[PDB]
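Colleague: Once you've had a glance at the structure underneath, I'll fire off some questions.
Since every read-out is calculated from the coordinates, none of them should be taken as a lab result. Counting neighbours? That spans all protein chains shown, and the Cβs are built from the backbone with ideal geometry, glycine included.
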Amino acid sequence: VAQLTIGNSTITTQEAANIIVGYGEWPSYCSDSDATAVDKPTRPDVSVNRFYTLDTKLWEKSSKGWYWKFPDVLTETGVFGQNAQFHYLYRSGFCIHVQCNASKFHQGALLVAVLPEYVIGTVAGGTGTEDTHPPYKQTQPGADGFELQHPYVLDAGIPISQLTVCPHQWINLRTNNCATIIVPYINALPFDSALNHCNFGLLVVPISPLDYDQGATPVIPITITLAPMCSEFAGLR
Amino acid sequence: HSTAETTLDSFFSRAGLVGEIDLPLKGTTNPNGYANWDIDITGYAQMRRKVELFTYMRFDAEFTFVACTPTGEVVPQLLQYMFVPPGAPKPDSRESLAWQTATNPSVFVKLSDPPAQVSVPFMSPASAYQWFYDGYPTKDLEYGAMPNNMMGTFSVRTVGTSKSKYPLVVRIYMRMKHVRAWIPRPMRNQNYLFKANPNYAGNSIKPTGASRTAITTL
Amino acid sequence: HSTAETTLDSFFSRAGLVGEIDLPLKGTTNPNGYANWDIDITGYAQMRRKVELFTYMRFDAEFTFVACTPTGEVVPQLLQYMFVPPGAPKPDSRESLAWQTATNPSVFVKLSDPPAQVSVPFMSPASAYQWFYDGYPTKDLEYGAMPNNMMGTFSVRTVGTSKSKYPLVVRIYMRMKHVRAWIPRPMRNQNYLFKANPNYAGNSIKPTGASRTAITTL
Amino acid sequence: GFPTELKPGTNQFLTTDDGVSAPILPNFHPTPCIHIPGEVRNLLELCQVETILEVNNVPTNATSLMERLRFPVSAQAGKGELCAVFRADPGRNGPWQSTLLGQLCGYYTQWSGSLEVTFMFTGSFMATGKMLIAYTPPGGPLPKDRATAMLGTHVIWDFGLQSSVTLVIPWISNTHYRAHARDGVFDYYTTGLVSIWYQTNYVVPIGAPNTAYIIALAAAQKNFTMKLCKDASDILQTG
Amino acid sequence: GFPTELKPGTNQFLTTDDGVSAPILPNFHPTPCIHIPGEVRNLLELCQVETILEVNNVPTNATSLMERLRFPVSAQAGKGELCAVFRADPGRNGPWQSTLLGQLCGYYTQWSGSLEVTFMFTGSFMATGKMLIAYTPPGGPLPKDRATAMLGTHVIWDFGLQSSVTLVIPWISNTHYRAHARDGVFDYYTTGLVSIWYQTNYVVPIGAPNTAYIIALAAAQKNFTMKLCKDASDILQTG
Amino acid sequence: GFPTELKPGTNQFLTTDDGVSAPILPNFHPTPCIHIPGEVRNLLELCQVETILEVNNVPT
């Protein structure tokens, strides 16, 4: 154990489990000879790159899974939700940290992964003959996230039994509680609208159902603390 | 000991049929002896699920054109295959000046002349054609619409002022060359419902694969 | 990072259709089964305003010939395309000895044989074809007439003593190669009225571009 | 002879294939290329030349057309008033169509680079005052007034000190693809915005006209580029 | 000119011939390839990634589908009882179809290499016991019990000490040709067998669930290979 | 393009002409040639082997 601090944000965590650096690349910056060398893209250091600790979702036996969209989860929150809106372009990285606080008497397993361009396909009316486009609350669920309804196909017609092909890490309750991931900016472009485009999405599904005998706390507070890495903006409004 | 067959370029080459144009004499189908085919690589059934293994790709595509009559017969007819790059305007009529715009490459070949064949490049303005888009182009009917993936349009037509004398059928094959790909993702296990979205059939949600009776009986 | 698309040669290549010849059987149009087409590069609509961006240019031109019947059909007919350099005499009849003058290059090709294709050079005696001339060749009807810009004449005809058995249509494309240009000038903003002069319509004088309500409402 | 196998593509005539063809006149020696002044090599040379921006692209009456070329400023404008406004849209209609740059853009499909608009005060020499010319980057909405415009990229121009002032438009990119009507057009969406406000009123002593005009010239920086030729025109050769 | 003789094959259009063809746009400079994270070059990269093996591929009821992903172990199983069983058949139907490996195998006709199945005990942390996971090579019949399985390649897994255990499947080869129905399919016959027995019962103290689930992930070693592309799929693009 | 003149023989299919033809499967890597005992290279090898001569070729 030992506590780390980035500004006014002080979280208490374990020494250093095994972190997952998505695709082996580190969220670096974008050099001078890029497409906008005129409007120098200011790189937020001060408070912009600090610890955001979201409304802890509660695990249950019946939980299906949860997902947040990026950078959507923060374009609402704090002084980064200040730059994400009143700025024209954006490129960022993310130190995501997911923790569970449960006793050695609860059991379960959470798969935690990041998926680029996570396009939510709805059910489509049922029989398949309705071309319904997911609402805006499902496409960009804010920092409250959203519950998958069809975890097996990840609400996008794809087997989750294969999601491990993305950066992921496991949260087996009998072995670990904390799970950490480092995401590098990923897109077909060097910069992009931080409001109209969610580069990726954080997925955390219960693969082995939460269980416990009667008496043990029925819910497991999953705390998601995350912070921007070598994030960049350009063109104030 | 060799593993070259499993490379991306290997996996993806081969000309596959992605399009077929009917130019009947008597018809409800393409009545003006001409046709417009915005280039879709999903035309080869198999293809949609294959490419959707990745999020970003890049490539050139060699197109070959096979034309004849329905009985698969050859005839003394000339043809104009025209390519209207994205941005350029498609011909609205069998005499639209779009047929004459020099900036719309056109290749003329007699049906007898073996298949015409041309290479088209990586059009996209983005650094890569990307299959998925988690946003909207600056509940909306524009979700998942990655625009900058337009390869162009192929306008086909019999040459000449008058209607062609024969019933014609053009087939467009396409070999994908120089393929590079990024960000891999879960193989589509659910049936496809529309060309644009991953929308699946929430009723008919099927297990990825075959099932059995007990986890002890093989 | 590259800027090769905006070079003159790039801007101007591409074979564009600059001419079409009709040699009907029954007709008022070219009744003698032959035709004369003094080479005009304004045949491609777009072209006139493009070149008129400059005052002086220079180039070679590769011509390609596409011939068939009106339905765009191919036939077993032979053809004589003849080029009468400037100065030489054009054929006045389907039997003018001009057809036989060796100094008038001629290329014979069967309709079936793919398009015939030849390169013609920078004819002009002046150091450059010049689009504008502020004078008269040694109120006059000869103003702006730069003479030394003649590229030649293309005489087309069915081969043989007798009328051809079929209705024919020749199309002349033209790629401009090795283009060099000087003295740039204001893009034509007014509609063209005649092939020879900049004469515009003094009544219908239009603002260069779209207009709006106030210089404060976008 | 020597063994061959003709491959598909044989006999096709590509309007773009740029191979070589047989010379019609093999002996002919074309008259020599002499030296002519001002030779243009790449069109982007012309895109860097200043041409009058018809900002005042409103009068259409035949003999007022010479006015779209220059807008005016006068004593009658109170401090803070909006003098004019237009977008950073070289291709799309309006003011930019008059500039040579805009006109070239029409033979190309995609493009991007920094622009540069220079203003010229052609009023009496005895006049003074200040203007606030602000640029509201793509996405940013026209500032409500002179004050809010004063918080974003702006320039106070004292046509009392300098007769000319040049503003650089950092970046504009016409690359986002739109398939609207049925005709797929490559349009901006990067409509930057240039607003112009009366920072102060127009101060002129007795004996000097209470109205001056300003000419706005435009050109594209050297970082400009164009892609994909697209011959298009309303004015073609007539019959 | 130069003497030639066209050889047979002239004018044929081979869907596989990979020659070159004339470029439609000769001047066009396609927008530059920038750096994108995670580039895949050869598909075998993906075959070495672990994906959940639906060993419990039995529940089909729409909202139980999330169960094929993990089988369970409980107090109620006597020592020696068979917990589960499946074959080393990446291509053929069943459990392997859920693994990404299995899914790729479908675009290829022949293949061979060592596999690797890892098990994960996701029960209470207070649980202990032992499992006997045995592999009965191709040809060998499923061991009658826990004892006979204990004589062949096996592993006693004390999910009391280690939460995870990985087993290597030495070799599997889908190359023996079968012309059954009328449709000639290249099938295994190398159905290796993985059996799992309760070496001891599931011991858990009071206050801990009497049922834990186990997840089984699978991937192919680096000695894996594939041959002969065979596009095949039940899911194709719809009209 | 480049000037040619097709010579007689063009388009003929000689059952004996041994030129090369386009591969049907360009990517395919055929399974490796391993070592097998007794490889025959030229038939005359077999002509030097003794075989029983049916001199008494009379009983049928």
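Colleague: Please report, for residue B:29, the nm distances (one decimal) from its label point, 7 Å out from Cα along the beta-carbon direction, to the equivalent points in the remaining copies, shortest first.
Modeller: The answer, with the shortest distance listed first, is 3.2 nm.
Colleague: Moving on to the next point. Please work out the ratio of the alpha-carbon Rg of chain C to 2.2 N^0.38 Å and round it to two decimals. List each step's numbers first, then the result.
Modeller: On the way: Rg = 20.7 Å, N = 218, 2.2 N^0.38 = 17.0 Å.
Compactness ratio reported: 1.22.
Colleague: Here is a follow-up. Could you pull out the longest piece of chain D with no exposed loop trypsin sites (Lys or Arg not before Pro) in it, calling a site exposed if DSSP puts it outside H, G, I, E, B and it has at most 13 other Cβ atoms within 10 Å?
Modeller: On the way: sites that count: D:41, D:79, D:144, D:182, D:222.
Free of exposed loop sites, the longest segment is D:80-143.
Colleague: For Cα pairs less than 8 Å apart in space and 6+ apart in sequence, what is the mean separation divided by the residue count of chain A, i.e. the relative contact order in percent? Can you show the working numbers first?
Modeller: On the way: 502 pairs, mean separation 99.5, N = 237.
42 percent.
Colleague: Give, as a single signed number, the net charge of other residues whose beta carbon lies under 11 Å from the beta carbon of residue C:169, with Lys and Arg counted +1 and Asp and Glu -1. Could you put the intermediate results ahead of the total?
Modeller: On the way: positive: C:171; negative: C:20, C:22, C:73.
Its environment carries a net charge of -2.
Colleague: Suppose every K and R has +1 on its Cβ and every D and E has -1 on its Cβ; what is the size of the dipole of the range A:19-131 about the Cα centre, in Debye to the nearest 20?
Modeller: Values: 9 positive and 12 negative charges, 111 e Å.
For the range A:19-131, the charge dipole is close to 540 debye.
Colleague: Between the range E:39-118 and the range B:85-122, how far is it from one alpha carbon centroid to the other, in angstrom?
Modeller: Centre-to-centre (Cα) distance: 50 Å.
Colleague: Let me ask something additional. Within the range D:197-239, list the residues whose amide N lies under 18 Å from a label point set 7 Å along Cα→Cβ of residue D:164.
Modeller: D:213-222
Colleague: Over chain A, how many percent of alpha carbon pairs lie in each 10 Å bin up to the one with the longest distance?
Modeller: Per 10 Å bin, starting at 0, the Cα pair percentages come out as 7, 31, 35, 20, 6, 1, 0.
Colleague: I'd like the distance separating the alpha-carbon centroids of the range A:179-215 and the range D:1-26, in whole Å.
Modeller: If you average the Cα positions of each part, the centres end up 56 Å apart.
Colleague: Let me ask something additional. Quick one: Karplus J couplings for the range F:36-43, per residue in order, coefficients 6.51, -1.76, 1.60, θ = phi - 60°, nearest Hz, x for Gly and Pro?
Modeller: 10, x, x, 8, 9, 10, 10, 4
Colleague: Which order do C:92, C:22, C:9 fall in if you start with the one that has the fewest other Cβ atoms within 10 Å?
Modeller: Ascending Cβ contact count within 10 Å gives the list C:92, C:22, C:9.
Colleague: Let me ask something else. Find which of A:109, B:207, D:213 sits farthest along the positive direction of the dipole of the protein assembly as shown, computed with +1 on the beta-carbon of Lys and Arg, -1 on that of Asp and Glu, about the Cα centre.
Modeller: The listed residue farthest towards the positive side: D:213.
Colleague: Report the number of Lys pairs in chain E whose alpha-carbons are under 25 Å apart, with separation of 8 or more residues or on distinct chains. Write out the running numbers ahead of the final one.
Modeller: Values: E:79/E:130; E:79/E:144; E:130/E:144; E:222/E:230.
For chain E, qualifying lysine pairs total 4.
Colleague: Amide H neighbours of residue E:84 under 5 Å, counting only residues 5+ apart in sequence or on other chains, H built in-plane at 1.01 Å?
Modeller: Sorted by chain and number, the residues that satisfy this are E:196.
Colleague: Also, quick follow-up: Are there any GluC sites (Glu not before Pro) in the range F:31-60 that are in a DSSP loop and have at most 16 other Cβ atoms within 10 Å? List them by number.
Modeller: Working: sites: F:39, F:45, F:50, F:54; in loops: F:39, F:50, F:54.
For GluC sites (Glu not before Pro) across the range F:31-60 that sit outside H, G, I, E and B with at most 16 neighbouring Cβ atoms in 10 Å, the list reads F:39, F:50, F:54.
Colleague: Be a star and scan the range C:145-161 for residues whose amide nitrogen sits under 13 Å from the point 7 Å along the Cα-to-Cβ vector of residue C:197.
Modeller: Answer for the range C:145-161: C:145.
Colleague: Taking a point 7 Å out from Cα toward Cβ as the label site, list the nm distances between residue C:141 and the same residue in every other copy, smallest first.
Modeller: 6.2
Colleague: How many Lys pairs in chain A lie less than 27 angstrom apart by Cα atoms, where the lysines are 8 or more positions apart or on different chains?
Modeller: 9
Colleague: Return the loop-located chymotrypsin sites (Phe, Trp or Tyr not before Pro) in the range A:71-158 (DSSP other than H, G, I, E, B) with at most 14 other Cβ atoms within 10 Å of their own Cβ; answer none if there are none. Could you put the intermediate results ahead of the total?
Modeller: Working: sites: A:80, A:86, A:88, A:90, A:94, A:105, A:118, A:136, A:146, A:152; in loops: A:80, A:86, A:105, A:118, A:146.
Those that pass, being in a loop and sparsely packed, are A:86.
Colleague: Among bridges DSSP assigns within the protein assembly as shown, what percent are antiparallel (round to 5)?
Modeller: Working: 236 of 248 bridges.
About 95 percent, rounded to the nearest 5.
Colleague: Using a label point 7 angstrom from Cα along Cα-to-C-beta, what distances in nm, from shortest up, separate residue B:2 from the other copies?
Modeller: The answer, with the shortest distance listed first, is 3.2 nm.
Colleague: While we're looking at this one, here's another question. Taking square-rooted eigenvalues a ≥ b ≥ c of the alpha carbon gyration tensor, is chain D rounded, prolate or oblate, where a/c under 1.5 means rounded and, failing that, a/b exceeding b/c means prolate? If you can, show how the numbers build up before the last one.
Modeller: Working: a/c = 2.91, a/b = 2.08, b/c = 1.40.
Prolate, since a/c reaches 1.5 and a/b exceeds b/c.
Colleague: Taking amide H positions as placed in the peptide plane 1.01 Å from N, state which residues far from residue E:9 in sequence (5 or more) or on other chains have amide H under 5 Å from it.
Modeller: none
Colleague: Under the definition of Cα pairs under 8 Å and six or more residues apart, what whole-number percent is the relative contact order of chain E? Don't skip to the answer; put the middle values down first.
Modeller: On the way: 456 pairs, mean separation 74.4, N = 239.
Value for chain E: 31 percent.
Colleague: In chain B, how many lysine pairs have Cα atoms under 20 Å apart, counting only pairs 8 or more places apart or on different chains?
Modeller: So the count works out to 9.
Colleague: To confirm my reading of the symmetry, which residue of chain C has the Cβ nearest the axis that brings C onto B, and what whole-Å distance does it have?
Modeller: C:112, 7
Colleague: Say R0 is 41 Å: what FRET efficiency, to the nearest 0.05, do residue B:4 and residue B:94 get from their beta-carbon distance?
Modeller: Working: r = 48 Å, r/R0 = 1.16.
Plugging the Cβ-Cβ distance into 1/(1 + (r/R0)^6) gives 0.30.
Colleague: Something else now. Given H placed on each backbone N at 1.01 Å, which residues far from residue D:123 in sequence or on other chains put an amide H within less than 5 Å of it?
Modeller: Answer set, sorted by chain and number: D:213.
Colleague: For the protein assembly as shown, rounded, prolate or oblate, judged on the Cα gyration tensor with a ≥ b ≥ c (square roots of eigenvalues), a/c < 1.5 rounded, else prolate if a/b > b/c? Spell out each step's value before the answer.
Modeller: On the way: a/c = 2.87, a/b = 1.30, b/c = 2.22.
Oblate is the answer for the protein assembly as shown, as a/c is 1.5 or above yet b/c matches or exceeds a/b.
Colleague: What list of ³J(HN,Hα) values in whole Hz, one per residue of the range E:69-77 in order, does the Karplus curve 6.51 cos²θ - 1.76 cosθ + 1.60 (θ = phi - 60°) give from phi, with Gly and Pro shown as x?
Modeller: 5, 8, 9, x, 9, 9, 4, 4, 8
Colleague: Of the trypsin sites (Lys or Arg not before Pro) in the range C:25-96, which ones lie in a loop per DSSP and count no more than 14 other C-beta atoms within 10 Å?
Modeller: Details: sites: C:26, C:48, C:49, C:50, C:58, C:94; in loops: C:26, C:94.
Those that pass, being in a loop and sparsely packed, are C:26.
Colleague: With labels modelled as points extended 7 Å from the Cα through the Cβ direction, what inter-label distance (nm, one decimal) is found for residue F:39 paired with residue D:27?
Modeller: It works out to 6.6 nm between the two label points.
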